[PDB]
Each structure stands twice: as C-alpha cells, then as structure tokens.
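Below you will find one chain, with nothing else, as structure tokens; this is the form deposited in one PDB entry, and questions on how it binds or moves follow later.
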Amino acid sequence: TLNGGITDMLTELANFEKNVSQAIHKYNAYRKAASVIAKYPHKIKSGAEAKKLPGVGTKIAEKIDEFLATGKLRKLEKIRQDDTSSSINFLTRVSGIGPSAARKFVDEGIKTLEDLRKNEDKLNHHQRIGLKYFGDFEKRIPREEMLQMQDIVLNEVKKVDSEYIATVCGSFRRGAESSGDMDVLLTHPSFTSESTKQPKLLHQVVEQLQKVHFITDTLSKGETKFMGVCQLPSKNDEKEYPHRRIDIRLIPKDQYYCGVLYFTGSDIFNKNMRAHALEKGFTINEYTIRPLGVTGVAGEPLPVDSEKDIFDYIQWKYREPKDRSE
C-alpha cells in the first residue's frame, strides 16, 4: 500500500515483458525494482529518490516521475488498449499456457475463455485442467483452510509410512494469512543423496491422497515432483470448497535444509539469495550449496546442518521464514 501505485505499475510492466515481449530479464528487473520499492519505508517523492535503491535505474526512475506527476503511465495506457497484448496476457492466466502458447492461440483466433472452452481438443492435459479450474485457481486459500489441508496430508502420509516427514512450505511456512497454493516437502529415510532404497516413494503418497479423494487431478508427476489439484471435503448441504493447486516435492532426507530453504521462498528471496551466493563464490540449489572455483566449475557439497548454515556460508544474518516475504 505505501508505494502501491508505483509497485502495481512496475508489476504490470513486468507481466507485459514476460507474457507479451517474452523478455525474461526485463521481467525480472521490473520485479526486482517492485520488490525493493515495496520494502522501502518512505512515501517515494521523486524518481531521483527511487534511483538510489538497488535495481532502480534511469528508466524506471523516469517512469516513476511520470506516474507521480500524472497518476498514470502512457506506456501502460497504450498496452491496455492493444487487443493482442491483452489477449496474450489474459490467456497466460490459464495454468499451463505460457507466453509462447498464448501468442500461438491468439494468432489462431483464440482470444477468450469462450474460445478456449470450445477448442479443448487443442489443449494439452495440464491446460485442459487449468481451464477446467480457471476461476478456482485464481482464488486464494485462507490459512484456516491451509491448516485443514495440512492436517489431511500429514495424517494420510503417516498412514502410508510413519517414517515419511511432510512439511508444508511456501507462503504458509512464511506465516501468511492466505496462500495461493499448497506446497509439500516430503522426505523418507530410504531416499538420500547416496541411494534410493525404496521405489515409488512419492507415487504411494499420491495414491493414498487420491484414495481419500483429497487429490482430484494430476498435472504432472515424476519421481521427485508432483503437480496437481486437491479439494477439502465439504459437509452436508454446503457449497463445495474450490479446487486448489498442490505441489509435492520429494527431497533426499540428508538434503532437507537446502530443500526447505528452496521450498519456503519467496521466489524473489531465493533469486536474491542465490545471486548473492554467486557474488560470494557459491552456488545454491534445492539440494546443496557448493563453492565456485576459478573455472566456474562447482565443487563439492559443503556440510550443512541447518538452514542458518547456508546463510552463514554467504555471510548473511539468519532471516526467519516470515521475513522472507515479498
């Protein structure tokens, strides 16, 4: 809210660049400026003042002056009138339609939800499901429901095997009062970086959640990652709960801390933290943190005993999950 007009404008420009221009680095640079501006605890009074922040440059600062003097941005006002742009942006809101497929559909005359519904034969499976649940998936999930979903998944996981650990991550672990979707990190002692002693580890969890009707559809599913759809049970004479997006990630149990750091996010925080690690001569993924030698070649995995360890290597003070938001 504090600089909400500025950060909205930048986010809309970041969406344009991603969805229409297909310029991912301009997308990320707009999101970086938005983010830095959103954490800045003063009402921004001029572009030159925003320019002082990291990630705000000449061009964003010029935009901020226009937005502050007039309350709008001519560049955006054009984009909002351009039918093609608006159509491509709209279509990418369906889960599974990205910038490329949206452009392709729009060239073929497919411009509306109505158009999508009467051409589902042209959609892959993921897209079919994102169309079927189009409105449900743009709804947020109150924490109260996240808590009941957590209770279902943890209990069903335990029925399959008491040694599974399932932790709910993303915005939920960051303490948010609502979440866009559910993210579940899964470990079992039989799957470590050194061996897989049991097959089907994730499949069995998925099967059990389909059996009790919690999971209702599958978008994609391999050996370590499941992306699908789930729904809380509703009681007599009640409206059904919306269908929700669910992601489950099986991580080797000895790499839990790298895994949970990745899966807690936010996405921007991970980009920032991983970019900072490179500046310090490390690389971080969801499995490990490793030094970067002269070559640019990644060395051997550093011992990691906690989340804070990872922060220590790159000389950052610990941030608790709830301070990793925005």
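Don't overthink the numbering: it's just position in the shown sequence, from 1. Between two forms, the rigid core is defined as the largest C-alpha subset superposing within 1.5 Å.
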- Message: Is it the case that, in at least a third of the other entries compared (those modelling both flanking residues), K197 has no coordinates?
- Response: yes
- Query: Mean CA B-factor: is it higher for 106 to 114 or for 164 to 172?
  - Reply: 106 to 114
- Note on the structure: With B-factors read from the PDB entry, the higher C-alpha mean of 154 to 162 and 88 to 96 is in 154 to 162
- Scanning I129, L185, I79, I141 for peak Cα temperature factor in the entry gives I79
- Query: Which one, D121, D181, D217, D254, has the peak C-alpha temperature factor per the PDB entry?
  - Reply: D121
- Message: Taking only the Cα B-factors deposited for this chain, tell me whether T295 sits in the lowest, middle or highest third.
- Response: highest
- In terms of the CA temperature factor given in the entry, to which third of its chain does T1 belong: lowest, middle or highest? highest
- Taking the values exactly as deposited, rank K52 by C-alpha B-factor within its chain and report the matching third: lowest, middle or highest. highest
- Message: Ranking every modelled residue in this chain by its Cα temperature factor as given in the entry, which third contains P301?
- Response: highest
- Message: Looking at the temperature factor on the CA atom of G259, which third of the chain's modelled residues does it land in?
- Response: lowest
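What follows is about the form deposited in another entry, which we do not show.
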- Item | Core-superposed comparison between the shown form and the other one - Cα displaced by 2 angstroms or more, from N119, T196, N124, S100 | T196
- Note on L186-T196 C-alpha separation in that other deposited form, which departs from the shown form by 3 angstroms or more: farther
- So the Cα-Cα distance between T196 and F226 shifts by 3 Å or more in that other deposited form; is it shorter or longer than what we see here? farther
